[PDB]
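Take a look at this one chain, the form solved without the DNA, written out in C-alpha coordinates.
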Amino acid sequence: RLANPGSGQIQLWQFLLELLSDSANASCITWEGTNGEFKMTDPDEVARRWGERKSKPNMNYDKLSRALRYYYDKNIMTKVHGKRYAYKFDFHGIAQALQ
(Lines give C-alpha, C1' and ligand atoms only; values in the text may rest on other atoms or scores of the structure.)
Protein backbone atom coordinates (compact mmCIF):
# COMPACT_ATOMS: atom_id res chain seq x y z
CA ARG A 1 0.00 0.00 0.00
CA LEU A 2 1.49 3.36 -1.21
CA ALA A 3 1.78 6.27 1.32
CA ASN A 4 2.44 10.01 0.75
CA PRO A 5 6.23 10.61 0.46
CA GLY A 6 7.97 11.42 3.81
CA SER A 7 4.83 10.37 5.79
CA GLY A 8 4.80 8.75 9.26
CA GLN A 9 2.18 6.21 7.93
CA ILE A 10 4.75 4.91 5.33
CA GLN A 11 5.51 1.15 5.07
CA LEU A 12 9.11 -0.08 5.49
CA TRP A 13 9.54 -1.05 1.77
CA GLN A 14 8.58 2.50 0.64
CA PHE A 15 10.77 4.11 3.35
CA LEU A 16 13.80 2.14 2.08
CA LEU A 17 13.06 3.30 -1.53
CA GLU A 18 12.85 6.89 -0.15
CA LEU A 19 16.36 6.55 1.44
CA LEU A 20 17.78 4.90 -1.74
CA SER A 21 16.32 7.71 -3.99
CA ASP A 22 18.88 10.16 -2.49
CA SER A 23 22.59 9.27 -3.10
CA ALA A 24 23.40 11.51 -0.04
CA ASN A 25 22.24 8.52 2.17
CA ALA A 26 24.94 6.11 0.76
CA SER A 27 26.78 6.00 4.17
CA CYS A 28 23.78 3.96 5.50
CA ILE A 29 22.03 2.46 2.42
CA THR A 30 23.00 2.21 -1.25
CA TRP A 31 21.92 0.51 -4.52
CA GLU A 32 24.16 -2.45 -5.58
CA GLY A 33 23.54 -1.62 -9.31
CA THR A 34 21.67 -4.78 -10.49
CA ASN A 35 18.06 -6.01 -10.34
CA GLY A 36 16.63 -3.98 -7.36
CA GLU A 37 19.48 -5.13 -5.02
CA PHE A 38 20.68 -2.79 -2.21
CA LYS A 39 23.10 -2.96 0.76
CA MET A 40 22.69 -1.40 4.22
CA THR A 41 26.20 0.02 4.72
CA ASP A 42 25.02 1.09 8.24
CA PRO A 43 22.09 -1.13 9.30
CA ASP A 44 21.95 0.41 12.81
CA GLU A 45 21.56 3.90 11.20
CA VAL A 46 18.81 2.56 8.85
CA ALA A 47 17.04 1.11 11.96
CA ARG A 48 17.51 4.45 13.84
CA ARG A 49 16.00 6.42 10.91
CA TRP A 50 13.05 3.94 10.64
CA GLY A 51 12.47 4.29 14.45
CA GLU A 52 12.51 8.14 14.09
CA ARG A 53 10.00 8.05 11.14
CA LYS A 54 7.61 5.66 12.99
CA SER A 55 8.45 7.13 16.48
CA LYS A 56 8.97 3.48 17.61
CA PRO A 57 10.99 3.45 20.87
CA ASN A 58 13.80 0.82 20.95
CA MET A 59 13.74 0.27 17.14
CA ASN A 60 16.98 -1.64 16.37
CA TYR A 61 18.44 -3.94 13.66
CA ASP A 62 16.93 -7.06 15.35
CA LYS A 63 13.41 -5.56 14.91
CA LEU A 64 14.17 -4.12 11.40
CA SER A 65 15.51 -7.55 10.24
CA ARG A 66 12.28 -9.25 11.57
CA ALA A 67 10.19 -6.65 9.63
CA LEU A 68 12.20 -7.30 6.37
CA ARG A 69 11.78 -11.15 6.72
CA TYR A 70 7.93 -10.55 6.77
CA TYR A 71 8.31 -9.30 3.12
CA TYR A 72 9.91 -12.63 1.91
CA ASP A 73 6.51 -14.44 1.74
CA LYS A 74 4.72 -11.28 0.38
CA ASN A 75 6.76 -10.99 -2.92
CA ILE A 76 8.02 -7.50 -1.78
CA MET A 77 11.67 -8.32 -0.85
CA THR A 78 14.19 -11.17 -0.33
CA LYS A 79 17.57 -11.49 1.48
CA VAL A 80 20.57 -11.73 -0.91
CA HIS A 81 22.72 -14.78 0.09
CA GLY A 82 26.54 -14.44 0.39
CA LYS A 83 26.53 -10.63 1.01
CA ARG A 84 26.48 -8.32 4.12
CA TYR A 85 23.08 -6.68 4.91
CA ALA A 86 21.99 -7.10 1.23
CA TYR A 87 18.30 -7.28 0.13
CA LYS A 88 16.49 -7.18 -3.22
CA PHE A 89 13.14 -5.51 -3.96
CA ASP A 90 10.58 -7.63 -5.83
CA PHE A 91 9.05 -5.06 -8.22
CA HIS A 92 6.34 -7.65 -9.20
CA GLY A 93 4.92 -7.26 -5.63
CA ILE A 94 5.68 -3.49 -5.46
CA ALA A 95 3.83 -2.90 -8.82
CA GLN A 96 0.65 -4.18 -7.04
CA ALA A 97 1.42 -2.14 -3.86
CA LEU A 98 1.34 0.99 -6.13
CA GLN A 99 -2.38 0.17 -6.90
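Note that residue numbering begins at 1 and tracks the sequence as displayed.
- For the two regions 80 to 88 and 18 to 26, the entry's Cα B-factors average higher over 80 to 88.
- Per the PDB record, of the two stretches 46 to 54 and 64 to 72, 64 to 72 carries the greater mean B-factor over its C-alpha atoms.
From this point on, the text means the form solved in complex with the DNA, which you will not see here.
- The DNA is not shown here, but in the deposited complex it comes within 4.5 Å of a heavy atom of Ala67.
- Proximity of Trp31 to the DNA in the deposited complex: non-hydrogen atoms within 4.5 Å are absent; the residue sits far from the partner.
- Interface residue remark: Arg48 is not counted as part of the site for the DNA in the deposited complex, having no heavy atom within 4.5 Å.
- By the criterion of a heavy atom within 4.5 Å, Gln11 is counted among the residues contacting the DNA in the deposited complex.
- In the deposited complex, the DNA lies within 4.5 angstroms of at least one heavy atom of each of the following residues of 50 to 85: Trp50, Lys54, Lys56, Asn58, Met59, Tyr61, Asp62, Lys63, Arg66, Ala67, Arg69, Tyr70, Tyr71, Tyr72, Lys74, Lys79, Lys83, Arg84, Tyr85, in sequence order.
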